[PDB]
Amino acid sequence: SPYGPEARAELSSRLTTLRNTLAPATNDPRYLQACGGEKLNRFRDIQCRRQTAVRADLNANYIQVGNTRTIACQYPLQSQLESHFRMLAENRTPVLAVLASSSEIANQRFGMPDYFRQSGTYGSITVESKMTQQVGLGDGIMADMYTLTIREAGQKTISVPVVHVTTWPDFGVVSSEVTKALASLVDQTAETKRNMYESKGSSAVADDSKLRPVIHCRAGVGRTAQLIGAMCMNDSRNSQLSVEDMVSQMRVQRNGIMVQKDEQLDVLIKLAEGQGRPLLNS
Ligand code: VO4
C-alpha cells in the first residue's frame, strides 16, 4: 500500500500537475531565452530554467536534490561545444556521465557531436581523449570510461573523467539493478577526482557551484533524471526525502519534463521501495 497502485496513482497525479504547470510559454521568463535567433534548446519544448542555468548559451541547469548537487544538461549542439568545454573545465568536473548510446551519437541525423571520444579543436580550446577502463553494469550494459583533457591558452588545463553508457536498459528490474550500479560507479568516479582536487588545495572545493557531476543523455530529462534520482538515493545525507520531493525538485530546477516516461519513474519507485523511502509527502 505505501508502494501500491493507489500511492503510485497519487504520485503520478501530483507530478503530472507539476509538469503541466511548468510547461514553457512563449518567451517564458522562467526559462532561458535564445538571443538573436541562435538555436539554444536541442528540442523546442524542453527548456532550461533561467534561475538555475549554468551558462547563458547552454541548455544546462544546476540541480540540488536534497543535499546532492549536480548539473543536468542536454547533449551540446555543435555550436555550443566551446561553451560546453568551458563549463566542464570551470566546474572542475569530477565526472561527466554521458547516457546517450553509441548508436545515437553515430546517427548524424541527430546532430550529437562525438566530443568526448575524439581529440579536436573548438575555438581556442583543445581536447584530448584517452579511453581507460570498461566496467560491466549488468545484463550486458557497459560503461566506457575516458580521461577528457581540456586545454585553452592561458587557462588551467583540466582533465575530466567520463562515464559513457553505450546502450541503455529502458525498463524493468534490469534497469533498476543497472541504474543502481551506474549510480555507484558515477559517484565513486567523482569522489576519486574530487579527492584529488582537495589534496592539491584547489579553491574549487570551497565553491558549491563547482565540482558537480555533469549528466546528460540527448535531451537531459529522461535517462539523466533517472540517474540523478538514483545518485541522490545513494547519498547518505538524504534520508526521508520522498520520491515526490526529489522529482519536484528536479522539475522546478530544470523543467517539467524531468523523469520523462512512466518507466523511468517506476525505476525510481522500485529503488525507493527497496530503501523503505516514502513515495509521497504527507
Ligand atoms: O536522451 V533522453 O530522450 O531518455 O532526455
Side-chain angles (χ1 to χ4, degrees), residues 15 19 41-43 45-49 58-63 65 68 70-77 84 88 93 95-107 110-117 135-146 161-187 189-190 212-234 243 246-247 249-251 253-272:
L15 293 179
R19 168 176 310 205
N41 314 307
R42 149 181 319 275
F43 303 96
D45 51 11
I46 301 179
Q47 304 198 17
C48 169
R49 186 85 190 217
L58 294 187
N59 182 308
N61 293 95
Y62 295 113
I63 299 181
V65 171
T68 312
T70 62
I71 291 164
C73 58
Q74 75 187 15
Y75 199 118
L77 310 168
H84 185 72
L88 288 178
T93 301
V95 66
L96 165 69
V98 185
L99 319 170
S101 71
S102 287
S103 82
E104 281 144 13
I105 296 158
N107 198 333
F110 293 160
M112 295 183 276
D114 191 17
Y115 77 91
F116 60 99
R117 299 194 301 195
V135 170
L137 298 171
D139 201 45
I141 304 296
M142 303 287 316
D144 284 342
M145 269 136 294
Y146 299 87
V162 182
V163 179
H164 177 211
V165 185
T166 56
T167 63
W168 188 263
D170 280 327
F171 203 19
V173 186
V174 169
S175 199
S176 148
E177 289 317 308
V178 173
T179 301
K180 185 174 49 229
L182 182 60
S184 295
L185 175 63
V186 169
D187 294 340
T189 297
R212 299 169 172 238
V214 173
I215 300 124
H216 68 74
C217 36
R218 197 177 165 183
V221 292
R223 294 174 281 201
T224 290
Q226 177 174 321
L227 178 53
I228 294 176
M231 291 169 50
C232 129
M233 279 187 254
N234 221 42
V243 171
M246 93 181 41
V247 179
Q249 291 170 14
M250 282 188 269
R251 288 191 171 176
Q253 297 171 67
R254 167 143 176 78
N255 59 54
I257 299 100
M258 292 297 274
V259 183
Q260 184 163 33
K261 295 142 63 51
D262 287 330
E263 85 198 10
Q264 296 153 352
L265 183 56
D266 294 8
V267 160
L268 296 185
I269 285 158
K270 295 328 232 86
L271 291 169

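Residue numbers run from 1 in the order of the sequence given.
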Under a 3.5 Å distance rule, please check whether [X] uses its side chain to pair with a backbone N or O of [Y] as donor and acceptor.
X      : Y      : answer
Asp45  : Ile257 : no
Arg218 : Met112 : no
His164 : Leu96  : no
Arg251 : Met258 : yes
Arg19  : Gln260 : yes

(request) For a side-chain hydrogen bond (donor to acceptor under 3.5 Å, both in side chains) with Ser175, tell me which candidate from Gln226, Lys270, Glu263 qualifies. (result)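 Among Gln226, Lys270, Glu263, the one that satisfies the side-chain hydrogen bond (donor to acceptor under 3.5 Å, both in side chains) with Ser175 is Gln226.
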(message) Is there a side-chain contact (heavy atoms from CB on, under 4.5 Å) between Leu227 and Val186? Walk through the geometry before answering.
(response) CA-CA 9 Å; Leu227 178 53; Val186 169; 4.2 Å; yes
(request) Evaluate the ring planes of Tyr75 and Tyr115, with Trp represented by its six-membered ring, and classify them as parallel (under 30°), tilted (30 to 60°) or perpendicular (over 60°). (result)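 The rings of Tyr75 and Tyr115 stand perpendicular, inter-plane angle above 60°.
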Close side-chain approach of [X] to [Y], heavy-atom, < 4.5 Å:
X      : Y      : value
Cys232 : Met250 : no
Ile105 : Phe116 : yes
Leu99  : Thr224 : yes
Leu271 : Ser176 : yes
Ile228 : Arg254 : no
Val162 : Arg117 : no
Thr68  : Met246 : no
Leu182 : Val163 : yes

Which heavy atom in [X] sits nearest to a heavy atom in [Y], and how many Å separate them?
X      : Y      : result
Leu185 : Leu137 : CD2-CD2, 4.2 Å
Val259 : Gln264 : C-OE1, 3.6 Å
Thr189 : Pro161 : CG2-CB, 3.5 Å
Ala272 : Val243 : CB-CG2, 3.5 Å
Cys73  : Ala60  : CB-CB, 3.5 Å
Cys48  : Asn41  : N-OD1, 4.3 Å

In Å and rounded to the nearest 0.5 Å, what is the [atom1] to [atom2] distance from [X] to [Y]?
X      : Y      : atom1 : atom2 : value
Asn61  : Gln74  : CG    : CD    : 10.0 Å
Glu177 : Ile141 : CD    : CD1   : 13.0 Å
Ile215 : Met231 : CD1   : CE    : 4.5 Å
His216 : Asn59  : NE2   : CG    : 11.5 Å
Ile63  : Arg212 : CD1   : CZ    : 9.0 Å
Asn234 : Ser184 : CG    : OG    : 4.5 Å

(message) Are there over 12 heavy-atom neighbours, none belonging to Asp114, within less than 6.0 Å of that residue's CG?
(response)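 Yes, because the 6.0 Å sphere around CG of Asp114 holds more than 12 heavy atoms from other groups.
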(request) Say whether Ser101 and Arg223, considering side chains only, have a donor N or O and an acceptor N or O under 3.5 Å apart. (result)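 Short answer, no.
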